[PDB]
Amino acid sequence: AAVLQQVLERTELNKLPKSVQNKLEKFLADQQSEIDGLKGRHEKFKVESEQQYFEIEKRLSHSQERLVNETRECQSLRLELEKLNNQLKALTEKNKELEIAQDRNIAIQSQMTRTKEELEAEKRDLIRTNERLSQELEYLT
């Protein structure tokens, strides 16, 4: 990487004292290594900054992914809840209905049981009369 040989032809370099050549070549080299250094860093920086952005783009899209899914999840629960409350209200009303029928049935069966007892009492008395009449007939002939 001798820079003076890019800048000057041999014939020109010959007219330069060696110390002067060295002063120049050292300065040229210093500037050139700064140039190489800058280009090296700049390129590394670009690549790094892009990779950092690429990675947070992925983090974003994943976050957005979770939010869409979570939004759907909520909506499906709400829809599900609406239907459950309609089921509950229906069941509730149906059981109120059955409660009412049950109380009516209890009332009815109790009344029937009384009537049955009265009839059976009547039947007992009729039988008593019946056996009495039979007995009196056998006491004739």
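One rule holds for the numbers: they count along the sequence shown, beginning at 1.
Engineer: For the C-alpha atoms alone, is the average B factor greater in 48-56 or in 103-111, going by the entry?
Structural biologist: Between 48-56 and 103-111, it is 103-111 that shows the higher mean C-alpha B-factor.
Engineer: For the C-alpha atoms alone, is the average B factor greater in 112-120 or in 83-91, going by the entry?
Structural biologist: The deposited B-factors put 112-120 ahead on the C-alpha mean.
Engineer: Would you please rank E70 by its C-alpha temperature factor against the other modelled residues of its chain and give the third it falls in: lowest, middle or highest?
Structural biologist: CA B-factor rank for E70: lowest third.
Engineer: Would you mind checking where the Cα B-factor of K18 ranks among the modelled residues of its chain, as the lowest, middle or highest third?
Structural biologist: For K18, whose C-alpha B-factor we compare with every modelled residue in the chain, the answer is the highest third.
Engineer: Rank-wise, by C-alpha B-factor, drop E131 into the lowest, middle or highest third of its chain.
Structural biologist: As the PDB entry reports it, the C-alpha B-factor of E131 lands in the lowest third of its chain.
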